[PDB]
Number of protein chains: 2
Amino acid sequence: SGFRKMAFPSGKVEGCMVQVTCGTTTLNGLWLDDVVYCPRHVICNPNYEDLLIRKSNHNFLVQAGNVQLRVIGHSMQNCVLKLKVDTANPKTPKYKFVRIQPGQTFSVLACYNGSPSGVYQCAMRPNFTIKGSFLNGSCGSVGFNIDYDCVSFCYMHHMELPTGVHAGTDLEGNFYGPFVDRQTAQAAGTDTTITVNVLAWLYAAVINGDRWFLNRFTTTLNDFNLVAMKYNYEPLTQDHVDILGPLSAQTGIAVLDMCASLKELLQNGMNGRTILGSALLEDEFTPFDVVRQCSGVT
Amino acid sequence: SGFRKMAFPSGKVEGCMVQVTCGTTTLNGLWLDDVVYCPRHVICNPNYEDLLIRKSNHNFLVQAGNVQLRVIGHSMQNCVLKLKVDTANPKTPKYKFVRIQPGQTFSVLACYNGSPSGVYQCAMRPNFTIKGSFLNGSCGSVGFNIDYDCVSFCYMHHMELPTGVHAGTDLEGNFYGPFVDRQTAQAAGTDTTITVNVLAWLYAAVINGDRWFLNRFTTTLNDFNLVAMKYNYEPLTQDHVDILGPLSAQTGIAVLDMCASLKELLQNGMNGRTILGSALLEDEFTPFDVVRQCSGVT
Ligand SMILES: N#Cc1ccccc1C[C@@H](N)C(=O)N[C@H](Cc1ccc(Cl)cc1Cl)C(=O)N[C@H](CC(=O)NCCCCN1CCCC1)Cc1ccc(F)cc1
Ligand SMILES: N#Cc1ccccc1C[C@@H](N)C(=O)N[C@H](Cc1ccc(Cl)cc1Cl)C(=O)N[C@H](CC(=O)NCCCCN1CCCC1)Cc1ccc(F)cc1
């Protein structure tokens with residue numbers, strides 16, 4: 001029993017974190033085989049191609065623990081700098097680089113000076129920011145998921161926006177969202193609530209033994225989405241209904257039946273009650289996160 | 001900016017998790033140097049001394065990854081079984097065993113069949129349970145804190161109570177709370193809210209840039225505790241006031257000034273507002289957790 005925000009065990013990523021210094025700029029890098037990946041703004045409205053052509057391999061100081069790694073080559077891929085080093089990381093896990101969709105979750109290993117400090121779960125918001133916890137020196141920290149000892153890296157942290165939320169790239173250096181890597185005040189689009197995740201979390205609550213929010217009503221998909229629009233929820237698609245199939249089958253509660261519960265919760269509030277220890281509707285658990293953590297029997 | 005429930009990086013503990021099997025009972029163990037620690041109920045109203053004297057070293061099957069470890073000795077310390085193995089764990093971190101006080105927090109590495117599955121933060125509740133997330137097979141999972149690469153183990157998981165909360169021991173096998181390791185329905189005492197942690201979390205909110213809940217009033221310690229009793233909060237001691245000193249100094253808000261805010265929040269609710277993304281008052285962040293994660297400048 002129970003339900004917590006749960007991160008993946010971080011050890012496979014801890015062994016890859018290094019420190020990258022250029023001039024007086026120091027941030028984190030990711031050491032996989034004989035390449036270190038880090039935000040290209042370590043070399044700093046900039047012209048990065050002009051700035052990088054003025055660089056030499058010996059301008060980059062890469063430190064793994066108390067060992068200095070020698071840079072033997074460098075290149076830029078979109079917004080990530082790639083530093084070839086003379087030593088392959090002996091702790092490289094099996095890994096992939098993946099670009100995720102909004103609404104998906106991942107674990108963040110927050111790092112400072114190449115040293116891991118903590119791990120927590122994030123969701124990619126519909127507006128392509130994350131609501132992280134990051135201080136100065138955290139840039140280059142990565143987000144990841146793990147499946148059968150393969151690490152799928154999906155996020156590298158690049159900047160905190162003026163609103164205090166966070167923006168970054170995939171590990172091939174492409175930003176999520178419309179952002180660019182320059183120190184200008186940039187604004188994200190208006191955010192929305194991840195409806196399919198809220199529904200997954202309601203199923204988690206039922207699996208854990210809580211039913212107070214259920215009702216005898218059902219709704220059509222179209223009528224539910226009219227309420228969704230009113231409360232700044234993302235539209236629920238038939239694909240979302242399909243992905244909730246397994247949780248619906250396990251609990252015996254049809255998806256559109258759970259939508260009628262969510263509709264009632266949106267229109268009336270919780271009236272002083274909690275769900276899985278929360279007084280608001282939680283949207284940073286995917287259906288996959290629920291299946292991963294909750295019992296396979298209700 | 002930001003504030004998340006943040007676990008310690010788990011890699012140093014991941015390298016210590018093993019599987020212990022006796023008969024048809026399998027749970028997790030902790031492999032440090034040449035000793036494996038696990039809940040003694042793996043050998044199962046039992047008489048453990050009588051049950052253990054009937055055991056042989058070869059009755060214990062210890063598996064680290066896909067490698068079997070040979071047990072060369074066994075003993076019982078309170079409610080933990082200690083299995084001497086023929087191989088010292090080459091990944092043993094620097095470590096200590098510590099017994100924590102209620103109100104303190106720790107990271108839990110949830111494990112199944114000796115394989116880590118996820119990491120999350122817990123607090124030891126005033127009634128000596130934890131509100132964990134655990135399924136069948138999780139017993140033997142451990143809780144820990146990390147300071148400068150030393151792992152302080154403080155919890156080993158032994159059982160889920162009928163209410164769905166969790167009970168366990170320190171790593172020397174002494175239960176937290178009044179519980180015993182037998183499969184009987186046991187009840188915890190009534191729980192209370194960890195007042196000093198709620199205050200720490202309000203300071204976290206101020207550091208992060210949120211002030212809406214402050215007021216111009218102060219309170220005496222005695223008058224605050226009269227309100228605390230009314231709302232099932234733990235009494236605030238002068239020691240608690242002292243430990244909040246650093247956060248009070250950083251924010252410029254006297255502790256008894258923040259108590260007046262908490263009093264107003266308890267008596268009036270939040271009136272539709274949130275604090276650090278929560279619609280209820282959070283009590284599983286210690287003052288230390290706040291200093292660790294939040295900026296050192298407001
Ligand atoms: N992570 C992180 C991090 C955090 C702090 C310092 C440094 C870092 C890492 C650090 N690497 C980092 O991100 N630095 C960026 C500056 C930067 C550097 C390289 C690039 Cl390529 C792009 C950017 Cl942009 C940074 O300094 N952002 C600040 C951070 C800030 O003040 N938050 C206050 C919000 C308060 C929110 N308020 C609270 C209540 C209401 C709102 C907001 C900002 C201001 C002006 C701008 F022009 C652009 C951005
Ligand atoms: N972790 C864990 C875990 C979880 C499940 C299975 C197995 C394990 C690990 C597993 N190792 C474990 O703990 N097993 C214990 C049984 C046990 C074994 C060795 C010892 Cl020495 C002591 C105990 Cl006691 C266990 O089966 N507890 C159940 C678990 C249970 O049904 N929760 C339902 C609560 C629903 C809560 N409701 C929801 C809404 C309202 C309340 C509650 C219980 C029932 C009767 C008793 F006599 C004592 C305890």
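Every residue number used here counts from 1 along the chain in the order it is shown.
Cβ atoms are placed via backbone N, Cα and C, with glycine included.
Swiss-Prot marks one residue of B:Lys84, B:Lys230 with the annotation ubiquitin cross-link, and that residue is B:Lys84.
A straight line from the CA of B:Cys139 (active site, nucleophile) to the CA of B:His41 (active site, for 3CL-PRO activity) spans 10 Å. Classification of B:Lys5 (ubiquitin cross-link) by DSSP places it in coil, neither helical nor stranded. Listed recorded positions: B:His41, B:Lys84, B:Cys139. Those with a CB under 8 Å from a CB in chain A: none.
Ligand 2 lies within reach of B:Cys139 from the recorded positions B:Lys5, B:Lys84, B:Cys139, judged by a C-beta closer than 6 angstroms to any of its atoms. Gap in the deposited chain: 6 residues are missing between B:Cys44 and B:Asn45, whose Cα atoms are separated by 10 Å. Most Cβ neighbours within 10 Å, among the recorded sites B:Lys5, B:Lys84: B:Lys5 holds that distinction in the structure as shown. Here the Cβ of B:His41 (active site, for 3CL-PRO activity) has 21 other Cβ atoms within 10 Å, regardless of which shown protein chain they belong to. Within 10 Å of the C-beta atom of B:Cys139 (active site, nucleophile) sit 24 other C-beta atoms, taking all shown protein chains into account.
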